[PDB]
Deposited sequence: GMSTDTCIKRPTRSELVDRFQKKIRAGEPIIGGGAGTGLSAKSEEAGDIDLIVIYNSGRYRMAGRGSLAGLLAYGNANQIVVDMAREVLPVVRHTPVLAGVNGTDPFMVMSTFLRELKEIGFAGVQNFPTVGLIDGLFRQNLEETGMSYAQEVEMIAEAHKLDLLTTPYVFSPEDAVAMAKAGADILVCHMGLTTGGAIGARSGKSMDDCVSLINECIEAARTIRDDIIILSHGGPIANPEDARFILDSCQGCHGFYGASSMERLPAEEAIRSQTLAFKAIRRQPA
């Protein structure tokens, strides 16, 4: 059972060899197993993965359709056993008012997760609704604290950050990896130029605290291996990419559909 330090050494080794760190979301055990088979560097499981693999939108994991934290424990039964040599992280809902994080994080460690991520995250929420949440005890600060406690438990931490300010707070928390989240994936949101600017801004910020933080990109217009490649070319300090919808949903969806059509096409002589 590798330590956090060993995992961070594993990654920084690949980074020095010019190899990207790719993390993936798994919503089913088959997803997890297939991602391991493609030599994925780390796998994360959250409620959104389930909902995604149910054919629903990713943002379904942020709303009142189920308890995120209880769903992730339930999903562990499906996923952990079929993954044999790849670290699996738990998406933790850090603002859960009915969870004691310290206890829950220990529980996740004993279940077998290598680490955690803050997901669902209020960082995806904007507007006056976001402001009210921050004002009434459902703030990103609480996610930051959750990451800090996880770090103190020697769990790997790969938190989503949406700004330099977030990048700092999570650096100071002891985050091993920062996933710069650009927004929901797939001309609605951020330009590719905006992503470049923000990601570089977060890199410079992160580094004010610590020069050896690993920084990966996720979301908005970064939708496919070529988009991920453009970020690696554009942002020097960025060394990889986290994908969930890109990794498991769209591929499966295409393949199942193509296969169905193929059977449907056969005719008798």
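When the deposited sequence is numbered from 1, the segments without any C-alpha atom are 1-9, 196-201, 285-286.
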